[PDB]
Each structure stands twice: as structure tokens, then as C-alpha cells.
Amino acid sequence: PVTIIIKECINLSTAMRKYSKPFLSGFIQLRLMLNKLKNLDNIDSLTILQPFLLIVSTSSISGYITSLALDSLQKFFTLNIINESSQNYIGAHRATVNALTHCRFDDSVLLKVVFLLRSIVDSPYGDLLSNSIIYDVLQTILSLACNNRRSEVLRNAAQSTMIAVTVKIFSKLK
Amino acid sequence: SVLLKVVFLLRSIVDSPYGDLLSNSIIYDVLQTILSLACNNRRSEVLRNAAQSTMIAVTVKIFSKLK
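Summary of the structure given here.

Conventions used here
- Residues numbered from 1 in each chain as written, not as in the entry; some residues may be left out.
- Chains lettered and ligands numbered in written order.
- Part of a larger assembly, values for the part shown.
- Heavy atoms only, no water.
- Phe/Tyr/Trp six-rings, centres within 6.5 Å; stacked < 30°, edge-to-face > 60°.
- Helix = DSSP H or I, 4+ residues; strand = E, 2+ residues; numbered from the N terminus.
- Buried < 20%, exposed > 50% of the residue type's maximum accessible area, 1.4 Å probe, protein only.
- Contact = heavy atoms within 4.5 Å.
- Buried area = accessible area lost by both parts, 1.4 Å probe.
- Salt bridge = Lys/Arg side-chain N within 4 Å of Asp/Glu carboxyl O.
- Core = buried A, V, L, I, M, F, W, Y, C linked by side-chain atoms within 4.5 Å.
- Arc of directions from axis to C-beta.
- 1 Å grid on protein atoms, 1.4 Å probe; cavity = no way out; pocket = protein on both sides within 12 Å on 5 of 7 lines; lining within 4 Å.
- Points joined across faces, edges and corners; volume = space filled by probe spheres on them.
- Nonpolar A, V, L, I, M, F, W, Y, C, P; charged D, E, K, R; others polar.

Some details on the packing of aromatic side chains
Residue and element names in this part refer to chain A.
Now for step 1: Under the defined criterion, the tally for this structure stands at four aromatic pairs over all chains.
Now for step 2: Aromatic pair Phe52 and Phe76: ring centres 5.4 Å apart, planes at 65°, arrangement edge-to-face. Of this pair, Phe52 sits in helix α3 (residues 46–57) while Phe76 sits in helix α4 (residues 63–79), placing them 24 residues apart in sequence.
Now for step 3: Between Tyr89 and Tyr125, the aromatic rings sit 6.0 Å apart at their centres with planes inclined by 45°, giving tilted as the arrangement. Across this residue pair, the class does not change: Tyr89 and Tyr125 are buried.
Now for step 4: An aromatic cluster is present here, built from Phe27, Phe52 and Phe76 joined pairwise through their rings.

Printed below as a string of C-alpha cells:
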């Protein structure tokens, strides 16, 4: 459970070091902070995801590292390590979807983020998002679908996942 | 486009509870075709990434049944 966390940080840190030759300081802080403890139940889950949020949010970094970070988040929500028992999981998911809507960082990362939005919103945990965040989500998938410059297959990815989130949203009128 | 629609459809198949009612031969054939999609290099990398994502999802769904 904690092995996978510093596993992911090891992978992203060595990728960053290979690519480079401000984020690594907090990354090693995450490494040292998660080294000691046994189980995640002691501490909050916003800080463990926070370096991933910082890398994915800002646009100064190329597609390799942000693709690796998005695959890391995919592994996170696939393995369900950020469980409801963990403290402040609502805030962690809210921050994840708030940062993820900014489609900034060629076309691989767009499909990775929109698949991640599908996996979050379709899941029951996606019911905990706020109205502003989910509205921004709908805005960014609409921007992806509307575009013509982008590849058409990415457009069909946006079309299908838009259909999915619309179904999930409109099921809530009961 | 059609070849992404098919894997998205397969994702909606297996993710839903109805995938629990499926047989071993057909689901093995399913895994074979997503493997064929992922292994290819002629196709666009975006479709390969879609294949990677649906393989991760279907692996999780299959191996969850062990518990």
C-alpha cells in the first residue's frame, strides 16, 4: 500500500533526472515523509498527491514527465490506494480534478487525462466532487470535442467520455 | 475511429457487472484482440494508449475475481 507510493516517486524522480540532463525538493520530502510510516491511515492524503498535482498543473514541462505523472494517477485510482478510510480523501480528489481540467503541459497526454476523468467521474468517489469542479470538467471535454485541429480519434475519445459523464450526471435527478 | 469505438465498447462491457456473466473463451478472445491492438506499431500511438488503458482496466476486473 505504501510500497506503491514511493515506487511511483522513485520512477518519476529518475525520469526527471534523466530528462533534465523546484519540484524535486518536495518530491524528496514526500519520499522521506512516507519512508518512516507503515500505513497511510496516520496522515492526510492531500500531501502525498501534492507533488504529482504540482507537476501536472503547470505547463513548463514537456510531455514525457506529465505523461508519466498521469499514468501514475491512473495507477493510483486503479489500485484504489486513496480509499475512503484515508483522511481528507474528498479534498484530494477535488484537488486532482481541479488541477486536471487545465489541459496544459503530444496527443497522448490528452487521452490519458480524459481517461482519468472518465475513471474518476464514473466511480462512486466522483460523486464527492463539487459543482464548480465538475462544470470545469465538462468545459474542458467540450473544448476537446469542439476542436478540429486535433486528431479525430481523440475527438471520438472525447465524444464517448462526454456521453459517459452526461449519463452519470443526469442519473442524479432522483 | 471504429477501432477505438470497439475498445471503448469492450471497456463498458467488462467494467459493468454484466461482465461477471461472461465465459472464458470469449473473454480470452477479447484479451487477445486488445493485445493485438497494443502490440501493433503501424497504428497511431493514441490508439495504442487507449489499448493500454483498457488492458489495465480489464486486468483489474479479471484479477479482482480471485478474491
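Observations concerning the interface of chain A and chain B
Now for step 1: Chain A puts twelve residues into the contact, and the matching count from chain B is eleven residues.
Now for step 2: Buried surface at the junction of chain A and chain B, summed over both partners, amounts to about 1200 Å²; 69% is from carbon and sulfur atoms.
Now for step 3: A per-residue breakdown of the area chain A buries against chain B is headed by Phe115(A), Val153(A) and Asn156(A), which together make up 42% of the total.
Now for step 4: Put simply, chain A and chain B have zero salt bridges between them.
Now for step 5: If you list the elements that add at least two residues to the side of chain A that touches chain B, you get α4, α6 (108–122) and α8 (152–170) of chain A.
Now for step 6: The element best represented in the side of chain A that touches chain B is α6(A), accounting for five residues.

Description of the side chain of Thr140(A)
Residues and elements named next belong to chain A.
Now for step 1: Within the fold, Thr140 resides in helix α7 (residues 131–146).
Now for step 2: A relative accessible area of 10% means that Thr140 is categorised as buried.
Now for step 3: For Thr140, the residues in contact, after removing those within four places along its chain, are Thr101, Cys103 and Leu117.

Focus on the nonpolar core
Now for step 1: Counting 68 residues, the largest nonpolar core has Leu34(A), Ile48(A), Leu49(A), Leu111(A) and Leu4(B) as its most contacted members.
Now for step 2: The element best represented in this core is α6(A), accounting for ten residues.
Now for step 3: Contacts of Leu4(B), omitting those with residues within four sequence positions, involve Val153(A), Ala157(A), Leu47(B) and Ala50(B).

Quick word on helix α2 (residues 23–36) of chain A
Residues and elements named next belong to chain A.
Now for step 1: Three or more residues of α2 are buried, namely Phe27, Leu30 and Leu34. Along the axis of α2, the buried residues cluster in a sector spanning 55°; they form a single face. In α2, the exposed positions angled more than 90 degrees off the buried face are occupied by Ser25, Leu32 and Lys36.
Now for step 2: Lining the buried residues of α2 we find α1 (3–20) and α3.

Topic: empty space enclosed by the protein
Residues and elements named next belong to chain B.
Now for step 1: Of the volumes computed, that of the second largest cavity is approximately 50 Å³.
Now for step 2: Considering the residues around the second largest cavity, the lining is formed by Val14, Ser16, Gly19, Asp20, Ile27, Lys61, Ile62 and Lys65.
Now for step 3: Taken together, the residues of the lining of the second largest cavity break down into three nonpolar, two polar and three charged.

What about the pattern of salt bridges?
Now for step 1: Going through the model one piece at a time under the given rule, you end up with four salt bridges over all chains.
Now for step 2: For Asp71(A), the salt bridge is made with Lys112(A), and the minimal N-O distance between the two is 3.0 Å.
Now for step 3: The shortest N-O distance in the salt bridge between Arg11(B) and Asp15(B) comes to 2.9 Å. Of this pair, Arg11(B) and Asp15(B) both sit in helix α1 (residues 2–15), separated by four residues, roughly a single helical turn.
Now for step 4: A residue is classified by how much of its surface remains accessible, and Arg11(B), at 12% relative accessible area, is buried.

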